[PDB]
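See structure below.
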Amino acid sequence: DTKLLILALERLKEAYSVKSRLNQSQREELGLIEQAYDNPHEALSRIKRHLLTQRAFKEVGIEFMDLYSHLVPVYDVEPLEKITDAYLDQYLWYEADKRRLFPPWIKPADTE
Amino acid sequence: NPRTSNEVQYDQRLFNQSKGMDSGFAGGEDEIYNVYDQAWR
Amino acid sequence: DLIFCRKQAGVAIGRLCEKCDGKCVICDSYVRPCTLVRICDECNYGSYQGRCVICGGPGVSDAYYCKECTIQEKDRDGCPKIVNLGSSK
Amino acid sequence: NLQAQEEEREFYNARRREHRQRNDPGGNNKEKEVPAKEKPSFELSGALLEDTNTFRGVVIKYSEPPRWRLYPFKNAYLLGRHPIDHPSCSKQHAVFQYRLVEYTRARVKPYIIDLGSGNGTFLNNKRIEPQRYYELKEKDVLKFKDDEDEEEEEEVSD
Amino acid sequence: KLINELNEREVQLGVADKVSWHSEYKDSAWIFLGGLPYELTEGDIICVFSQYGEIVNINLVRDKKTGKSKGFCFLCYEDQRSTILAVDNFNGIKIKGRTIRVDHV
Amino acid sequence: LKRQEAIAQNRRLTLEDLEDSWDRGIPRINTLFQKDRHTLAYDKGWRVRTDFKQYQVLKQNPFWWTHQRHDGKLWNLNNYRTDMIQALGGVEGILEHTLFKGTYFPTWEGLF
Amino acid sequence: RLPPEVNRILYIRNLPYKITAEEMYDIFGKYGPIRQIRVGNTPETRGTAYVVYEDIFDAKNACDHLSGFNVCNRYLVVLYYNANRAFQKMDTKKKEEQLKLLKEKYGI
Amino acid sequence: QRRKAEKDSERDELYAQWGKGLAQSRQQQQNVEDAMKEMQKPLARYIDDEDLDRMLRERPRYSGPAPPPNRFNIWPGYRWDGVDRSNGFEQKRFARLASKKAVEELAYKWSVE
Amino acid sequence: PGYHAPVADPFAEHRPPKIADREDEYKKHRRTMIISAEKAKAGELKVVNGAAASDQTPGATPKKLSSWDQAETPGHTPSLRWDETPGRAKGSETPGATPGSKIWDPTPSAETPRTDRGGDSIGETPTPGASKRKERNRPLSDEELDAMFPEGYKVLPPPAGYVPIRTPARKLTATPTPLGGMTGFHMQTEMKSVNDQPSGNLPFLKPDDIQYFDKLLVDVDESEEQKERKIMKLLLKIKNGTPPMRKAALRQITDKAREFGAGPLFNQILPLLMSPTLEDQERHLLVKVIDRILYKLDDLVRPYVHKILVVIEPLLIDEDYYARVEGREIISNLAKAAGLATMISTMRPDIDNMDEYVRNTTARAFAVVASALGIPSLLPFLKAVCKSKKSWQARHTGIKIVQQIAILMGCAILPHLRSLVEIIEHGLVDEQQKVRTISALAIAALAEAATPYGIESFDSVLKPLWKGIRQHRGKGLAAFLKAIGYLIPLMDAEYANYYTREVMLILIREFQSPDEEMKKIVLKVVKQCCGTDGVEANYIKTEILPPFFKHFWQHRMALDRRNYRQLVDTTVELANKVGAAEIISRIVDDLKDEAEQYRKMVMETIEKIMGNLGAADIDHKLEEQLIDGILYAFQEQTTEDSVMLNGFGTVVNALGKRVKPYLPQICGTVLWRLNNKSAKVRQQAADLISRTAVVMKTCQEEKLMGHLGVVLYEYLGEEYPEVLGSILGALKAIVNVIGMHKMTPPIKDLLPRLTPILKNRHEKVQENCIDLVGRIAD
Ligand SMILES: [Zn+2]
Ligand SMILES: [Zn+2]
Ligand SMILES: [Zn+2]
């Protein structure tokens with residue numbers, strides 16, 4: 001579990017790595033992720049609690065990155081649900097690879 | 001009693017050189033520079 | 001946890017560190033330094049030579065009493081070297 | 001001029017060396033460098049339990065061929081008298097250390113090694129001399145005048 | 001016991017080699033192993049400490065009359081870096097339940 | 001092969017026998033020896049998460065296809081700098097365009 | 001090659017109120033012989049149990065494989081049980097008879 | 001008293017030459033050979049013969065297993081017990097020094113920004 | 001992939017950055033601690049008979065008799081104290097019969113606790129003996145089984161048959177592991193109960209702490225004592241949670257002390273403070289709650305005193321200092337809180353305990369309690385202990401107690417010094433060694449706290465000691481040297497002339513021992529012996545200094561801490577006698593030595609030396625080697641520290657204007673270094689200017705003031721705060737030498753250039769800045 005949570009948290013930290021003064025919400029995100037390093041078991045239990053219960057989340061921001069040809073959707077979530085979802089993802093992919101869920105023909109693959 | 005293990009596996013001098021995880025290199029920001037691995041002189 | 005030792009006042013001069021330097025001991029104030037501090041060598045000895053009366057660092061100066069504590073005559077009680085209610089070191 | 005000095009020296013092993021380095025007592029027959037369990041060697045063979053190679057033991061009491069149990073070798077094993085020895089044997093002729101069975105790598109292959117038990121041990125009713133690893137092949141037989149039992153080996157197939 | 005904490009102040013502060021306090025000597029092979037177990041003998045301690053070198057000759061102090069070890073040995077290797085390695089490495093070791101001590105001489 | 005020979009010799013492999021291939025191979029063999037390697041062994045699907053980072057994060061990643069932690073660093077440009085300075089006429093060549101001789105520094109070897 | 005804090009006693013939780021000691025002995029009986037096992041019969045302690053083995057390494061292999069192991073719908077809480085704490089409910093005594101015995105039989 | 005005082009005194013030669021480091025002395029000896037190279041080889045470059053054979057190949061000693069790496073790379077003696085007895089300070093000291101090398105690089109990576 | 005899988009914690013990296021294990025293999029035995037007038041001679045035979053009846057404890061008896069030296073003073077107090085030592089019941093019987101026979105003869109002219117230690121040692125002799133005849137895994141009994149687990153659990157057989165499976169399990173752990181077995185899973189579609197600590201909030205539980213706090217997890221509520229233990233989980237709020245929860249919880253439990261009583265609290269605490277996973281902070285906080293509740297509870301704690309100390313005594317021996325002063329404080333509050341007889345009668349059985357750990361930390365405990373209740377109250381106990389004829393370990397303990405009393409009380413020992421000595425003296429001649437060693441050591445500690453006074457109280461101790469000085473090999477010798485060492489300053493320069501001159505020989509001979517304990521002792525000795533006013537210079541100059549700088553100055557010493565300091569001091573004093581140019585002249589060449597710590601050492605040494613004696617003694621050439629040494633050493637700085645800087649400043653200010661020819665080299669180095677690579681050395685070169693200001697002034701080098709003035713003026717745009725601060729400081733010091741109207745950067749320039757800097761946040765800038773604005777504004 002610690003392995004997974006660590007990976008996901010690093011991933012989240014990687015978007016802000018250049019780190020200008022950012023903003024308020026982003027500040028909340030860095031402080032909360034930073035919190036997750038100090039007391040991991042807390043974060044893991046809170047996460048599993050969400051996954052067992054909450055069916056209603058908060059509103060996601062949306063904005064368009066401009067490639068000058070086709071626009072790219074961009075979504076913004078509150079940090080709590082981002083850490084929760086992130087761990088959910090590292091875990092899902094891990095179990096998935098262990099159990100050989102995806103046959104080889106699907107190739108945005110880690111190997112190559 | 002020797003202390004034995006199957007096979008040999010690997011030494012040590014290297015077995016712990018480069019950082020860990022760390023992840024690539026920012027989302028891919030312009031500001032980063034970082035093209036060169038070692039200093040000039 | 002922190003209170004005076006109040007052993008008998010000797011002829012040894014008080015020693016305050018950088019931090020405590022300006023403070024009159026009891027009134028906690030910087031005003032009107034007038035008279036001089038005396039504490040027993042039981043409180044001031046050895047590693048306490050030139051030690052701070054408070055924090056436990058080396059004394060860079062000597063404490064002076066205020067005029068306030070002067071008229072109220074508090075400077076004449078037991079040696080005002082604070083002891084923590086563990087040991088003094 | 002009988003004994004010049006009464007003490008002199010040794011240049012010899014110490015009991016606490018060999019003691020501390022092998023303890024269940026102190027034991028003999030420390031595993032060689034090769035030894036590895038058979039199941040993981042069936043994992044490098046890419047073999048699930050269906051096609052995997054597992055050595056099962058078979059017992060026949062030497063007087064009556066007519067299982068007290070059946071024993072897997074997959075989980076080396078110390079064949080001894082019973083507590084120290086893992087593979088305990090009720091045979092009263094077995095020395096406190098009788099023999100050992102180590103799977104080694106030459107391939108994952110079974111091996112039997114006598115510890116120099118005082119009586120000896122018979123292989124296919126033909127004994128082997130002490131202090132060398134002797135490969136065993138399937139269906140071979142072991143018995144520990146002093147033989148109260150028999151043993152056979154089987155690979156798992158069919 | 002004090003040794004290991006000197007090696008930690010030497011590594012922690014970034015001493016960087018030749019200023020090492022094994023350069024205190026440069027003249028001496030013979031090492032001091034104290035706090036040794038009484039059952040031990042020449043061939044043994046030779047077999048354990050030939051690990052880090054080739055030991056030329058060791059005189060272990062054994063009481064003259066009774067003819068048993070007083071509990072320590074002065075050893076001599078063929079190589080100094082073996083001594084540096086041995087003091088800096090083999091120290092704080094358990095033997096027969098008791099932790100031996102080593103240091104130069 | 002280097003693993004097999006090491007097995008038969010029972011002696012483990014050193015750095016030097018691997019100094020040949022050290023930087024070579026698509027996995028970039030040196031990446032086995034990363035200190036944090038454990039953690040990364042439990043990371044899966046990283047390559048696709050990088051593909052979908054464009055939606056989570058506003059900025060545009062050109063390096064989306066690979067990641068140095070799983071795949072290593074796939075290029076070394078250190079030469080390009082040296083050859084660049086050579087083509088311009090050496091330190092004395094480039095500096096000849098500057099104020100350097102104004103600063104009256106004895107040498108450029110100490111420019112900081 | 002073991003951490004010192006682990007002990008032959010394991011506290012086990014997330015148990016049903018119907019659970020049978022048959023399943024208990026069977027399952028836990030993999031790793032080694034049971035020294036014995038207790039189960040809370042009291043309003044707060046119902047759902048909890050303590051397992052004690054003839055050897056520690058038994059328990060070590062246990063918590064190794066039994067970590068988060070499943071029964072019914074539940075993933076059992078498997079922890080190494082502490083020491084001291086509440087003890088002195090019992091006393092130190094009754095040493096005299098047994099020590100007199102070992103002093104008698106073997107004579108030592 | 002000549003032969004006796006030469007037993008004790010020539011033992012001062014023996015245990016004196018032995019004391020320091022018999023291993024150390026030979027390495028010093030090799031340097032002496034090097035001086036000999038200088039007399040004939042004042043400024044050697046390349047194909048001159050010592051270099052030739054030089055690049056033309058690229059007393060019991062302990063047998064069993066392997067001896068863990070020693071900063072100074074010394075094979076253990078003949079009859080050595082064949083068991084690692086250590087505080088592990090070599091490895092950790094060995095590992096830590098290696099770690100620093102990684103540190104100098106990831107220190108640099110910082111500089112360009 | 002399988003090859004990369006063959007190539008197949010960071011949280012354990014960052015989490016271990018929080019707190020630590022900190023501890024050795026010796027201390028971890030903590031984890032093994034489970035929770036809790038000639039008819040006065042013949043009359044001593046009588047009392048020995050009666051008390052022996054009510055066997056063999058020497059201590060209580062000598063405690064009883066210990067009231068005799070006051071004779072006719074003794075009174076009802078003897079009933080009080082002994083009341084705790086034996087059963088308070090028989091207490092009234094024995095003390096009553098004693099006063100009767102005493103008053104008559106004059107005219108005509110816990111047991112269970114100790115019973116446990118005896119059985120403990122006897123089982124130790126049984127097991128130890130058996131192996132000769134021939135640990136925690138030893139088989140157990142059902143009463144022993146009922147001993148561990150708490151209340152409310154049942155033992156079960158399910159079958160007799162499954163029990164027979166458990167019995168064959170041992171045989172089948174070998175047998176059935178060698179048999180057919182495996183596990184598999186099938187693909188099929190699929191309730192999940194669990195508990196955190198819910199109520200409203202209940203800050204989080206670590207996965208282990210569940211064992212302690214499990215009772216809180218169950219939600220059964222609202223139906224006596226069980227509700228007090230249940231509500232007492234406010235502990236959990238103290239341990240983990242937000243700081244406000246810890247505060248409010250802490251008060252709430254303070255005011256409920258008198259309510260809940262000490263029993264339930266300690267019952268629910270001592271397990272936590274005993275926890276193997278305990279933090280640093282959590283420990284300290286539980287220490288706080290123990291204090292705050294022990295400011296209130298007084299008579300209540302009597303049953304729990306030992307049950308407290310067992311956990312607390314490990315605080316006295318610790319690497320953390322604040323932990324130690326806390327521990328001494330709370331044991332002070334406990335002993336003073338409880339009664340004397342409570343403490344005494346409590347802590348006896350730990351004296352003869354097999355482990356020396358508990359003996360030691362127990363000794364420091366008696367030190368603390370003796371500081372609490374005073375020396376004279378506790379004297380007869382001790383004086384009874386050191387004469388105990390049972391076994392030596394006791395006397396060893398009691399003597400160690402004398403020592404730790406010496407360290408703790410220190411200067412305040414003075415009144416009872418005589419009685420204390422009269423106690424300890426009988427151990428110096430004892431057949432056992434330890435007792436002798438630790439004894440003489442305790443004399444040392446005494447004399448060191450005895451700084452000069454009470455010499456004749458040590459008097460009778462001497463003549464044996466000196467004799468021992470001859471015949472001893474090993475550590476005990478060095479110990480004697482420690483004692484005698486601290487003694488000599490207390491003797492008369494005539495008697496101490498002879499005696500000293502005798503000590504000097506052995507002192508010389510013993511420089512060379514590899515023992516570092518040795519070198520510490522003989523070092524401090526050389527300080528006291530050779531720092532004596534009654535010693536002749538030339539004798540030291542010849543006999544001592546060459547071996548002193550030979551063996552003592554080496555790279556073994558300096559890397560260590562205590563050896564570093566003490567070495568500094570001793571060398572300083574030798575300079576104080578033989579003079580300056582000698583010492584310095586010999587140690588200058590080492591300024592240029594490779595390693596830092598060594599350079600740091602000789603550097604601070606030169607600093608203190610030239611601080612005391614003055615630079616006047618120094619000749620010319622050695623002064624060249626000085627300034628060059630100091631610059632050279634200063635040019636390579638691996639760490640930031642004052643020693644090099646204060647060193648330089650003191651050297652220069654001591655040299656006065658003899659330094660003038662050296663300035664251009666100095667300040668050249670000062671500017672070139674004043675660039676280098678920024679953040680490291682800028683601040684340091686700046687500070688160097690700051691402290692060298694006055695010297696760069698009085699000698700009247702004005703060009704240099706132009707230099708520093710405008711050059712430093714230019715750096716005020718430096719973005720690194722830690723540098724800029726040092727810059728402003730340097731400017732400050734330059735203002736205090738050259739005056740207002742002569743400032744080469746006229747204030748019109750300077751001050752408004754300072755004004756915008758006040759936004760600068762980070763500290764040192766604000767400090768120096770505001771200071772300078774103050775000097776000029778004033
Ligand atoms: Zn006082
Ligand atoms: Zn202060
Ligand atoms: Zn005042």
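Here's how to read the names in the structure tokens: chain A, B, ... by the order shown, residue numbers from 1 in each chain, ligand numbers from 1 in the order shown.
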**Message:** I'd like the contact shell of stretch 16-27 of chain C - 12 Å cut-off, only C-alpha atoms, skipping same-chain residues fewer than 3 positions apart - returned as a ChimeraX atom specification.
**Reply:** /C:3-4,13,30-38,44,48-70,72-77,79-82
I need the chosen residues saved as a short mmCIF file (atom, residue, chain, number, x, y, z; two decimals), in the first residue's frame, with C-alpha atoms.
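Result file follows (again.cif):
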data_model
loop_
_atom_site.label_atom_id
_atom_site.label_comp_id
_atom_site.auth_asym_id
_atom_site.auth_seq_id
_atom_site.Cartn_x
_atom_site.Cartn_y
_atom_site.Cartn_z
CA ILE C 3 10.89 28.77 39.82
CA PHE C 4 13.54 30.55 41.90
CA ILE C 13 27.86 38.93 40.53
CA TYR C 30 14.52 46.99 30.57
CA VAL C 31 13.90 50.22 32.44
CA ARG C 32 16.28 52.10 34.75
CA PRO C 33 19.13 49.68 35.49
CA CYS C 34 20.37 50.79 38.89
CA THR C 35 21.64 48.19 41.36
CA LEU C 36 23.43 44.91 40.81
CA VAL C 37 22.54 41.21 41.03
CA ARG C 38 23.95 38.79 43.60
CA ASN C 44 26.73 29.94 40.22
CA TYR C 48 27.87 28.03 35.70
CA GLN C 49 30.81 30.47 35.85
CA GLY C 50 29.69 33.33 33.64
CA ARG C 51 26.56 31.31 32.85
CA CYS C 52 23.22 32.90 32.07
CA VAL C 53 20.93 33.20 35.08
CA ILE C 54 18.17 31.89 32.81
CA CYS C 55 18.79 29.95 29.61
CA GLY C 56 22.13 28.33 30.42
CA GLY C 57 24.41 30.10 27.94
CA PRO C 58 27.60 32.05 28.59
CA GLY C 59 27.08 35.40 30.27
CA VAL C 60 28.12 38.36 28.14
CA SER C 61 27.12 40.99 30.73
CA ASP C 62 25.76 41.56 34.24
CA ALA C 63 22.10 41.97 35.19
CA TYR C 64 20.96 45.25 36.69
CA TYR C 65 17.82 45.64 38.76
CA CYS C 66 15.14 48.18 37.96
CA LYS C 67 14.16 51.03 40.22
CA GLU C 68 10.70 49.46 40.57
CA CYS C 69 11.92 46.32 42.33
CA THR C 70 14.33 48.54 44.28
CA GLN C 72 9.69 47.34 46.83
CA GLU C 73 12.91 45.76 48.15
CA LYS C 74 12.51 42.46 46.28
CA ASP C 75 16.19 42.38 45.29
CA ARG C 76 17.08 41.41 48.88
CA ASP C 77 15.41 37.98 48.90
CA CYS C 79 19.31 34.36 45.03
CA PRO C 80 17.12 34.92 41.96
CA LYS C 81 18.75 32.29 39.74
CA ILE C 82 15.85 30.41 38.18
#
Taking only C-alpha atoms into account, what are the residues of chain E at most 9 Å from chain D, put as an mmCIF file with N, CA, C and O atoms, in the first residue's frame?
data_model
loop_
_atom_site.group_PDB
_atom_site.id
_atom_site.type_symbol
_atom_site.label_atom_id
_atom_site.label_comp_id
_atom_site.auth_asym_id
_atom_site.auth_seq_id
_atom_site.Cartn_x
_atom_site.Cartn_y
_atom_site.Cartn_z
ATOM 1 N N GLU E 39 37.589 -19.961 24.907
ATOM 2 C CA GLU E 39 37.693 -21.241 24.213
ATOM 3 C C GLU E 39 38.455 -21.104 22.909
ATOM 4 O O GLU E 39 38.887 -22.104 22.326
ATOM 5 N N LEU E 40 38.635 -19.875 22.446
ATOM 6 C CA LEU E 40 39.229 -19.635 21.146
ATOM 7 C C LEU E 40 40.713 -19.984 21.175
ATOM 8 O O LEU E 40 41.334 -20.079 22.235
ATOM 9 N N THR E 41 41.279 -20.191 19.993
ATOM 10 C CA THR E 41 42.682 -20.559 19.891
ATOM 11 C C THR E 41 43.254 -19.960 18.613
ATOM 12 O O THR E 41 42.566 -19.244 17.879
ATOM 13 N N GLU E 42 44.523 -20.263 18.351
ATOM 14 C CA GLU E 42 45.250 -19.717 17.215
ATOM 15 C C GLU E 42 44.525 -19.991 15.907
ATOM 16 O O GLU E 42 44.019 -19.061 15.268
ATOM 17 N N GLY E 43 44.470 -21.264 15.510
ATOM 18 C CA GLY E 43 43.901 -21.614 14.221
ATOM 19 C C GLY E 43 42.543 -20.994 13.976
ATOM 20 O O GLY E 43 42.240 -20.582 12.856
ATOM 21 N N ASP E 44 41.711 -20.918 15.011
ATOM 22 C CA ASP E 44 40.401 -20.296 14.896
ATOM 23 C C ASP E 44 40.513 -18.844 14.461
ATOM 24 O O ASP E 44 40.095 -18.479 13.356
ATOM 25 N N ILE E 46 42.791 -17.156 13.449
ATOM 26 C CA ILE E 46 43.423 -17.078 12.139
ATOM 27 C C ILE E 46 42.396 -17.317 11.045
ATOM 28 O O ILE E 46 42.376 -16.616 10.028
ATOM 29 N N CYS E 47 41.524 -18.307 11.236
ATOM 30 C CA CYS E 47 40.549 -18.622 10.196
ATOM 31 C C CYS E 47 39.509 -17.522 10.055
ATOM 32 O O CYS E 47 38.967 -17.320 8.964
ATOM 33 N N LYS E 64 50.800 -18.004 31.450
ATOM 34 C CA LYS E 64 51.928 -18.915 31.284
ATOM 35 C C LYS E 64 51.734 -20.209 32.064
ATOM 36 O O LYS E 64 51.984 -21.303 31.546
ATOM 37 N N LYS E 65 51.281 -20.105 33.311
ATOM 38 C CA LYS E 65 51.182 -21.280 34.166
ATOM 39 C C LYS E 65 50.024 -22.170 33.737
ATOM 40 O O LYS E 65 50.238 -23.285 33.249
ATOM 41 N N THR E 66 48.795 -21.682 33.906
ATOM 42 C CA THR E 66 47.627 -22.478 33.552
ATOM 43 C C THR E 66 47.601 -22.837 32.071
ATOM 44 O O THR E 66 47.044 -23.875 31.696
ATOM 45 N N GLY E 67 48.200 -22.009 31.222
ATOM 46 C CA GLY E 67 48.211 -22.297 29.798
ATOM 47 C C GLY E 67 46.880 -22.073 29.113
ATOM 48 O O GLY E 67 46.555 -22.779 28.151
ATOM 49 N N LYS E 68 46.097 -21.111 29.593
ATOM 50 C CA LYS E 68 44.842 -20.742 28.957
ATOM 51 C C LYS E 68 44.873 -19.257 28.633
ATOM 52 O O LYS E 68 45.629 -18.482 29.224
ATOM 53 N N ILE E 95 31.036 -13.026 19.116
ATOM 54 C CA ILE E 95 31.662 -14.343 19.082
ATOM 55 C C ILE E 95 31.277 -15.077 20.353
ATOM 56 O O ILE E 95 31.582 -14.617 21.458
ATOM 57 N N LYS E 96 30.590 -16.206 20.196
ATOM 58 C CA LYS E 96 30.210 -17.055 21.318
ATOM 59 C C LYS E 96 29.425 -16.276 22.367
ATOM 60 O O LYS E 96 29.436 -16.633 23.549
#
**Request:** Select residues of chain B: the criterion is any atom within 12 Å of an atom of chain I, counting only C-alpha atoms; output as a VMD selection string.
**Result:** chain B and resid 7 9 to 10 15 19 to 22
Residues just named, written with N, CA and C atoms as a PDB file, in the first residue's frame:
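Generated file (out_19.pdb):
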ATOM      1  N   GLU B   7      22.137 -19.311  -6.777  1.00  0.00           N
ATOM      2  CA  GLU B   7      22.723 -18.431  -7.778  1.00  0.00           C
ATOM      3  C   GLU B   7      23.839 -17.617  -7.115  1.00  0.00           C
ATOM      4  N   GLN B   9      23.574 -13.651  -7.712  1.00  0.00           N
ATOM      5  CA  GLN B   9      23.001 -12.326  -7.937  1.00  0.00           C
ATOM      6  C   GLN B   9      24.079 -11.250  -8.041  1.00  0.00           C
ATOM      7  N   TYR B  10      23.773 -10.003  -7.697  1.00  0.00           N
ATOM      8  CA  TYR B  10      24.718  -8.939  -8.048  1.00  0.00           C
ATOM      9  C   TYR B  10      25.526  -8.290  -6.924  1.00  0.00           C
ATOM     10  N   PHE B  15      24.906  -1.402  -7.449  1.00  0.00           N
ATOM     11  CA  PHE B  15      23.546  -1.765  -7.038  1.00  0.00           C
ATOM     12  C   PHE B  15      22.756  -0.695  -6.280  1.00  0.00           C
ATOM     13  N   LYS B  19      19.315   7.972  -8.477  1.00  0.00           N
ATOM     14  CA  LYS B  19      18.187   8.266  -7.611  1.00  0.00           C
ATOM     15  C   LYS B  19      17.124   7.196  -7.781  1.00  0.00           C
ATOM     16  N   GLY B  20      15.941   7.452  -7.233  1.00  0.00           N
ATOM     17  CA  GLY B  20      14.844   6.506  -7.308  1.00  0.00           C
ATOM     18  C   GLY B  20      13.541   7.167  -7.703  1.00  0.00           C
ATOM     19  N   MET B  21      12.690   6.418  -8.397  1.00  0.00           N
ATOM     20  CA  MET B  21      11.401   6.934  -8.840  1.00  0.00           C
ATOM     21  C   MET B  21      11.597   8.301  -9.482  1.00  0.00           C
ATOM     22  N   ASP B  22      11.600   9.340  -8.656  1.00  0.00           N
ATOM     23  CA  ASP B  22      11.852  10.690  -9.136  1.00  0.00           C
ATOM     24  C   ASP B  22      10.872  11.107 -10.223  1.00  0.00           C
TER      25      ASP B  22
END
**Request:** Return as number ranges by chain the residues belonging to chain I that are within 8 Å of chain F, counting only C-alpha atoms.
**Result:** I: 4-5, 7-10, 677
Neighbours of ligand 1 at 6 Å or closer, counting only C-alpha atoms and all ligand atoms: which residues, as a short mmCIF file (atom, residue, chain, number, x, y, z; two decimals) with C-alpha atoms, in the first residue's frame?
data_model
loop_
_atom_site.label_atom_id
_atom_site.label_comp_id
_atom_site.auth_asym_id
_atom_site.auth_seq_id
_atom_site.Cartn_x
_atom_site.Cartn_y
_atom_site.Cartn_z
CA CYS C 5 16.12 28.60 43.90
CA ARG C 6 16.15 31.25 46.65
CA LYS C 7 19.37 30.13 48.30
CA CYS C 40 25.19 32.25 45.64
CA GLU C 42 25.78 27.27 45.00
CA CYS C 43 23.70 28.56 42.12
CA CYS C 79 19.31 34.36 45.03
#
**Item:** Contact set, chain B to chain H: 6 Å, only C-alpha atoms, as a ChimeraX atom specification
**Value:** /B:2,17-18,32
Store the residues picked out above, limited to N, CA, C and O atoms, as an mmCIF file, in the first residue's frame.
data_model
loop_
_atom_site.group_PDB
_atom_site.id
_atom_site.type_symbol
_atom_site.label_atom_id
_atom_site.label_comp_id
_atom_site.auth_asym_id
_atom_site.auth_seq_id
_atom_site.Cartn_x
_atom_site.Cartn_y
_atom_site.Cartn_z
ATOM 1 N N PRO B 2 28.979 -22.228 5.874
ATOM 2 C CA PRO B 2 29.022 -21.080 4.971
ATOM 3 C C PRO B 2 27.670 -20.387 4.921
ATOM 4 O O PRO B 2 26.645 -21.011 5.216
ATOM 5 N N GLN B 17 23.167 3.285 -7.287
ATOM 6 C CA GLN B 17 23.757 4.519 -7.798
ATOM 7 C C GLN B 17 22.749 5.641 -8.027
ATOM 8 O O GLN B 17 22.713 6.612 -7.280
ATOM 9 N N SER B 18 21.948 5.511 -9.080
ATOM 10 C CA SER B 18 21.008 6.557 -9.484
ATOM 11 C C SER B 18 19.845 6.755 -8.515
ATOM 12 O O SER B 18 19.428 5.822 -7.827
ATOM 13 N N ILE B 32 12.465 24.752 -17.713
ATOM 14 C CA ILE B 32 13.346 23.780 -17.066
ATOM 15 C C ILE B 32 14.819 23.748 -17.479
ATOM 16 O O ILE B 32 15.689 23.555 -16.633
#
**Prompt:** If you count only C-alpha atoms, which residues fall within 8 Å of stretch 95-106 of chain D, apart from same-chain ones fewer than 2 positions away, as JSON, numbers by chain?
**Reply:** {"D": [29, 31, 34, 35, 36, 37, 38, 76, 77, 78, 79, 80, 81, 82, 85, 93, 108, 109, 110, 111, 112, 113, 114, 115, 116, 117, 118, 144]}
**Request:** Go through stretch 5-103 of chain A and collect every residue that DSSP, computed from the backbone, puts in helix (DSSP H, G or I); the answer should be as an NGL selection string.
**Result:** :A and (5-15 or 24-38 or 40-52 or 79-99)
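For the choices C:39, C:88, C:29, C:46, the atom-to-atom distance to ligand 3 is smallest for C:29 when using only C-alpha atoms and all ligand atoms.
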**Asked** Could you name the residues that touch residue G:18 at 12 Å or less, counting only C-alpha atoms, but leaving out those on the same chain fewer than 5 positions away, as an NGL selection string?
**Response** :G and (23-24 or 39 or 41 or 46-48 or 72)
Can I get the selected residues back with N, CA and C atoms, as a short mmCIF file (atom, residue, chain, number, x, y, z; two decimals), in the first residue's frame?
data_model
loop_
_atom_site.label_atom_id
_atom_site.label_comp_id
_atom_site.auth_asym_id
_atom_site.auth_seq_id
_atom_site.Cartn_x
_atom_site.Cartn_y
_atom_site.Cartn_z
N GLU G 23 -13.44 -24.06 12.90
CA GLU G 23 -12.78 -23.28 11.85
C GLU G 23 -11.50 -22.65 12.38
N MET G 24 -11.55 -22.17 13.62
CA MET G 24 -10.40 -21.55 14.27
C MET G 24 -9.22 -22.51 14.29
N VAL G 39 -11.12 -16.53 23.44
CA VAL G 39 -12.12 -15.82 22.66
C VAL G 39 -12.96 -14.98 23.61
N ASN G 41 -15.90 -13.70 25.37
CA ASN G 41 -17.31 -14.01 25.58
C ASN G 41 -18.07 -12.84 26.20
N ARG G 46 -16.48 -9.54 22.55
CA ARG G 46 -16.99 -10.48 21.57
C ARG G 46 -16.61 -10.03 20.17
N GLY G 47 -16.10 -10.96 19.38
CA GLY G 47 -15.53 -10.67 18.08
C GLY G 47 -14.02 -10.65 18.06
N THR G 48 -13.37 -10.91 19.19
CA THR G 48 -11.92 -10.87 19.30
C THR G 48 -11.43 -12.20 19.86
N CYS G 72 -15.51 -15.61 5.91
CA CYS G 72 -16.86 -15.13 5.59
C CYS G 72 -16.71 -13.92 4.69
#
